[PDB]
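Working notes, beginning with the structure itself.
There are 2 protein chains.
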Amino acid sequence: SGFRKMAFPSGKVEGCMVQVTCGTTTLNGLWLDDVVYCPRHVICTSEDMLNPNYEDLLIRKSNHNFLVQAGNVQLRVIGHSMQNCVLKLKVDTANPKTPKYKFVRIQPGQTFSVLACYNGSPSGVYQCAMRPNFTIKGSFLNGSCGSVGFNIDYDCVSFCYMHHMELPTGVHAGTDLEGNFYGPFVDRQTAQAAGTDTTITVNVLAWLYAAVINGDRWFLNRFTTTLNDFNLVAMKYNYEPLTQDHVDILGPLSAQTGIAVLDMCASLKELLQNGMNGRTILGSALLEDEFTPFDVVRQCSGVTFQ
Amino acid sequence: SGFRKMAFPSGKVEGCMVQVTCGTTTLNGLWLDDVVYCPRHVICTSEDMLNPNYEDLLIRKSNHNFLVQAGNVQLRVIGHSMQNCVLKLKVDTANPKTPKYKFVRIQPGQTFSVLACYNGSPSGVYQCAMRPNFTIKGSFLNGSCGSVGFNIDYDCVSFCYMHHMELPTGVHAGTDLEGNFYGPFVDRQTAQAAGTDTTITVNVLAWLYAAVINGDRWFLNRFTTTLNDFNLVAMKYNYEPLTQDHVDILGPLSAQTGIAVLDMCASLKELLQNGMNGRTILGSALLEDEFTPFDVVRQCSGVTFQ
Ligand SMILES: [Cl-]
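In order, the protein sequence lines correspond to chains A and B. Going by the deposited numbering, the residue at position 137 of the first sequence is 137; the numbering climbs one at a time, nothing skipped. Going by the deposited numbering, the residue at position 50 of the second sequence is 50; the numbering climbs one at a time, nothing skipped.
Given below as structure tokens:
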């Protein structure tokens with residue numbers, strides 16, 4: 001038993017992290033087969049980032065201006081190109097540690113593991129959720145750009161996030177591995193509005209189910225509700241609307257606990273209207289929304305990876 | 001910026017996990033050089049665990065009863081021995097992926113990363129604190145025994161914990177890598193009392209400093225305190241007494257922030273007595289005690305590992 005926020009084992013991704021330097025700037029890149037992927041703002045100086053013309057900046061660069069280092073091994077750059085907001089550097093050696101991998105663009109509310117890296121060296125691993133407003137609440141110091149987020153399915157790494165920037169509000173923004181930002185953000189140093197954020201309702205429900213499975217049951221009540229009545233309460237409290245697709249995803253947990261999804265919605269409704277009265281659930285005094293239903297099943301089943 | 005509960009990158013430990021099978025029980029082992037380490041209870045059946053005589057049970061076994069498996073390839077066991085609560089299985093092949101490593105016995109209040117494993121395959125990684133009563137609050141299903149906890153200082157893996165059992169209270173107990181249990185626990189399926197737990201005061205203080213460094217600061221107050229008057233309050237709320245050594249350990253965070261340790265204790269005193277009033281520090285509605293002062297410093301200067 002027990003329930004923890006748990007990251008994937010980071011070994012397969014560790015072997016892909018490299019250091020990329022261009023002029024004065026050093027950040028992280030991802031070495032897969034014979035291509036290194038990194039944020040295009042590696043080519044910017046401090047003054048550039050206020051209003052960069054990335055096409056004009058890149059024209060000034062040649063292959064030998066890019067210093068790519070994997071451990072102590074220096075890679076030779078034989079081609080460069082920009083794809084949206086990511087730089088793709090062709091190198092003359094394929095990474096022998098390349099795992100089976102895919103590039104995925106995840107949906108808001110899905111979770112992934114982040115390997116935070118500095119100067120191409122891994123510093124730590126932790127689990128993140130893509131907020132409904134397409135930001136993430138990470139730990140990313142100066143130099144962490146190019147760190148990646150991923151999920152592992154047995155032996156396949158699905159890369160879904162590359163870190164690019166910190167907004168003035170202290171939240172974090174980045175791209176998929178084809179270089180397209182999540183959300184409305186651009187890679188320049190300006191004020192940028194993130195949307196109103198909202199709580200990921202289906203994730204809160206899944207975590208209530210995990211609490212029931214681990215014996216935390218004080219919040220179960222004698223009430224039920226409807227999808228429509230529940231959603232009136234959700235909008236009031238800045239919660240995402242629950243859909244039937246979400247009800248279907250919660251089906252397996254409903255069956256393990258014998259608690260119908262709309263009955264668990266009734267319990268969440270009462271927690272939203274009445275608060276928690278200074279009580280805790282799974283060691284938390286807030287409602288937690290960074291566990292997907294799949295996360296909860298994996299941790300209440302024992303899913304393992306190659 | 002940002003502050004997260006971060007585990008060490010687990011790659012160096014992944015390559016050491018093997019599956020150990022004795023007769024009919026299967027758990028995890030740690031393959032280091034030419035030795036595999038695992039919980040000695042692997043040699044027990046279900047009925048055995050109620051009152052085991054491990055010396056007698058081990059006499060019934062020989063080298064060929066232990067099936068040690070690394071991925072798909074097989075180790076030859078050429079010798080076995082029992083060290084306290086740990087089985088040492090000598091194998092004829094040194095693990096080619098053995099990292100630089102050390103066996104360490106940690107202190108209550110210190111932290112480490114856990115690589116949760118099932119059938120010798122890594123499933124996830126998370127950070128844990130050794131509670132003052134020598135339990136840990138992990139996530140450990142059936143088959144997770146032999147999972148290990150560790151820290152990394154650059155290139156050296158310091159193994160400090162091996163998982164042995166889940167207590168009837170749902171908390172977790174285990175040994176160092178010499179096989180000595182942390183706490184009063186034994187490897188026997190019996191009701192076992194863990195002591196009263198307490199909150200790790202020096203860790204709560206370090207986390208308050210992390211909060212100030214990251215911009216959460218509403219809890220800084222008009223007041224100061226003495227070490228003695230603070231401890232009077234700490235005892236009331238079941239916090240560990242703060243000592244001068246603890247003040248010294250917090251010295252560097254005091255110097256970065258310009259907030260004397262005893263002023264931060266005054267902030268903690270007012271939080272214990274008044275609560276958080278529905279405000280959150282670093283996203284938490286509770287006082288967090290699973291970050292050590294070194295953990296905070298490490299995540300504010302960007303320490304990496306090779
Ligand atoms: Cl957690």
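Built from N, CA and C at the ideal position, the CB exists for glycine as well.
Verify the CB distance criterion: does B:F103 have a CB-CB separation below 7 angstroms to chain A? Your numbering for residue 103 of chain B matches position 103 in the second sequence. No, B:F103 does not count as interfacial toward chain A.
Exposure label - B:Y154; buried when at least 16 CB within 10 Å: To locate residue 154 of chain B, count along the second sequence from 1; it is residue 154. By the neighbour-count rule (16 or more Cβ atoms within 10 Å), B:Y154 is not buried but exposed.
So A:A7 contacts chain B; which residues on that side make the cut at Cβ distance below 8 angstroms? The residue you call residue 7 of chain A lines up with position 7 of the first sequence. Per Cβ cutoff of 8 angstroms: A7, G124, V125, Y126.
To the nearest angstrom, how far is it from the Cα of B:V125 to the Cα of B:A94? Position 125 of the second sequence, counted from the first residue, corresponds to residue 125 of chain B. Position 94 of the second sequence, counted from the first residue, corresponds to residue 94 of chain B. If I take the Cα positions, the gap works out to 25 angstroms.
Straight-line CA distance for A:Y37 to A:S113? One-based indexing of the first sequence puts residue 37 of chain A at position 37. One-based indexing of the first sequence puts residue 113 of chain A at position 113. Near 18 angstroms, if we compare the C-alpha coordinates of A:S113 and A:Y37.
Rounded to the nearest angstrom, what separates A:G302 and A:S254 at their Cα positions? Residue 302 of chain A sits at position 302 when you count from the first residue of the first sequence. Residue 254 of chain A sits at position 254 when you count from the first residue of the first sequence. Going from the Cα of A:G302 to the Cα of A:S254 covers about 18 angstroms.
Given a threshold of 16 other Cβ atoms within 10 Å of its Cβ, counted over all protein chains shown, does B:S144 qualify as buried or as exposed? The count along the second sequence starts at 1 and reaches residue 144 of chain B at position 144. Answer is buried; the Cβ neighbour count reaches 16.
Given B:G146 as reference, the closest of B:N133, B:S121, B:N221 once Cα atoms are compared: Here residue 146 of chain B refers to the residue found at position 146 of the second sequence. It is B:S121 whose Cα lies nearest to the Cα of B:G146.
Just to make sure I have the definition right: I need the residues of chain B whose C-beta is within less than 7 angstroms of the C-beta of A:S1. Which are they? As a first step, residue 1 of chain A must be located in the first sequence, where it is residue number 1. Neighbours of A:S1 on chain B, chain order: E166, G170.
Taking 6 angstroms as the cut-off, is the CB of B:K269 close to at least one heavy atom of ligand 1? By 1-based counting over the second sequence, the position of residue 269 of chain B is 269. No, the Cβ of B:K269 stays beyond 6 angstroms of every heavy atom of ligand 1.
Around ligand 1, Cβ to any heavy atom closer than 5 angstroms, ordered along the chain: A:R4, A:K5
Consider the Cβ of A:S121: report whether some Cβ of chain B lies at a distance smaller than 7 angstroms. On the first sequence, residue 121 of chain A is found 121 positions in, with the first residue counted as 1. Yes, contact with chain B.
Taking DSSP as the reference, what is the three-state secondary structure of A:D176? As a first step, residue 176 of chain A must be located in the first sequence, where it is residue number 176. Looking at A:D176 - three-state DSSP - the assignment turns out to be coil, as it is neither helix nor strand.
Checking 7 angstroms against the spacing of the C-beta atoms, do B:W207 and B:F291 come in under that value? Stepping through the second sequence from its first residue, residue 207 of chain B is reached at position 207. Stepping through the second sequence from its first residue, residue 291 of chain B is reached at position 291. Going by C-beta atoms, B:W207 is nearer than 7 angstroms to B:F291.
Identify whether B:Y237 lies in helix, strand or coil by the three-state DSSP scheme. Walking along the second sequence from the start, residue 237 of chain B turns up at place 237. Coil at B:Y237, not helix or strand.
Can the beta-carbon of A:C160 be found less than 7 angstroms from the beta-carbon of A:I106? Against the first sequence, residue 160 of chain A aligns to sequence position 160. Against the first sequence, residue 106 of chain A aligns to sequence position 106. In contact: A:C160 and A:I106 (Cβ atoms closer than 7 angstroms).
Does the beta-carbon distance from A:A266 to A:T225 come in below 7 angstroms? Walking along the first sequence from the start, residue 266 of chain A turns up at place 266. Walking along the first sequence from the start, residue 225 of chain A turns up at place 225. Yes, the pair counts as a contact, with Cβ atoms nearer than the cut-off.
Assign B:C44 to one of three DSSP states: helix, strand, or coil. Taking the second sequence and counting its residues from 1, the one referred to as residue 44 of chain B is at position 44. Coil, per DSSP.
In chain order, what residues of the same chain lie with their CB nearer than 7 angstroms to the CB of A:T24, ignoring the 5 residues before and after it? Along the first sequence, read from residue 1 onward, the residue named residue 24 of chain A stands at position 24. Taken in chain order, the residues that qualify are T45.
Quick one: does A:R4 have its CB under 7 angstroms from some CB of chain B? Within the first sequence, numbered from 1, the residue matching residue 4 of chain A stands at position 4. Yes, contact with chain B.
Could you check if B:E55 is buried or exposed, using at least 16 other CB atoms within 10 Å of its CB as the buried criterion? On the second sequence, residue 55 of chain B is found 55 positions in, with the first residue counted as 1. With fewer than 16 Cβ atoms within 10 Å of its Cβ, B:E55 is classed as exposed.
Below-7 angstroms beta-carbon distance, A:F112 vs any chain B residue: Stepping through the first sequence from its first residue, residue 112 of chain A is reached at position 112. With 7 angstroms as the cut-off, A:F112 does not count as an interface residue toward chain B.
Relative to the C-alpha of B:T175, which candidate in B:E14, B:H164, B:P168 has its C-alpha closest? Numbered from its first residue, the second sequence carries residue 175 of chain B at position 175. The residue with the shortest Cα to Cα distance from B:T175 is B:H164.
In DSSP terms, what A:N28 is bridged to: Taking the first sequence and counting its residues from 1, one reaches residue 28 of chain A at position 28. DSSP lists A:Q19 as partners of A:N28.
Pair within 7 angstroms by beta-carbon distance, B:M162 and B:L205: One-based indexing of the second sequence puts residue 162 of chain B at position 162. One-based indexing of the second sequence puts residue 205 of chain B at position 205. No, Cβ-Cβ distance for B:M162 and B:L205 is not below 7 angstroms.
Sheet register partners of B:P39 (DSSP bridge): As a first step, residue 39 of chain B must be located in the second sequence, where it is residue number 39. DSSP lists B:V86 as partners of B:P39.
Go ahead and pull the three-state DSSP assignment for A:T135. One-based indexing of the first sequence puts residue 135 of chain A at position 135. The answer is coil: DSSP assigns A:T135 none of H, G, I, E or B.
Which same chain residues end up closer than 7 angstroms to B:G2 when comparing Cβ atoms and leaving out the 5 residues on each side of it in sequence? In the second sequence, counting from the first residue as 1, residue 2 of chain B sits at position 2. Closer than 7 angstroms at the Cβ level, and outside the excluded window around B:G2, lie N214.
Amino acids of chain A, ordered along the chain, whose beta-carbon sits closer than 8 angstroms to that of B:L177: The residue you call residue 177 of chain B lines up with position 177 of the second sequence. Neighbours of B:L177 on chain A: none; closest Cβ ~20 angstroms, over 8 angstroms.
Buried or exposed: where does A:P132 fall if 16 or more other Cβ atoms within 10 Å of its Cβ makes it buried? Locating residue 132 of chain A in the first sequence gives position 132, counting from the first residue. Under this definition A:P132 is a buried residue.
Where the alpha helix (DSSP H) through B:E55 begins and ends: In the second sequence, counting from the first residue as 1, residue 55 of chain B sits at position 55. It spans 54-59 - the alpha helix (DSSP H) in which B:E55 sits, taken as one unbroken run.
For A:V212, which of helix, strand or coil comes out of DSSP? For this step, residue 212 of chain A is matched to residue 212 along the first sequence. The answer is helix: DSSP assigns A:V212 an H, G or I state.
Taking only three categories from DSSP, how would you classify A:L67? Along the first sequence, read from residue 1 onward, the residue named residue 67 of chain A stands at position 67. Note: A:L67 maps to strand in three-state DSSP.
Anything in chain B within Cβ reach of A:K137, meaning under 9 angstroms, just list it in chain order. As a first step, residue 137 of chain A is located in the first sequence; it is residue number 137 there, counting from the start. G2, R4, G283, listed in chain order.
Cβ neighbour criterion (16 or more within 10 Å) applied to A:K5: To locate residue 5 of chain A, count along the first sequence from 1; it is residue 5. It is buried - the Cβ of A:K5 has at least 16 other Cβ atoms within 10 Å.
Among residues of its own chain, excluding the 5 on either side of residue 346 of chain A, which ones have a beta-carbon nearer than 7 angstroms to its beta-carbon? Residue 346 of chain A is absent from the structure shown; chain A starts at 1 and stops at 306.
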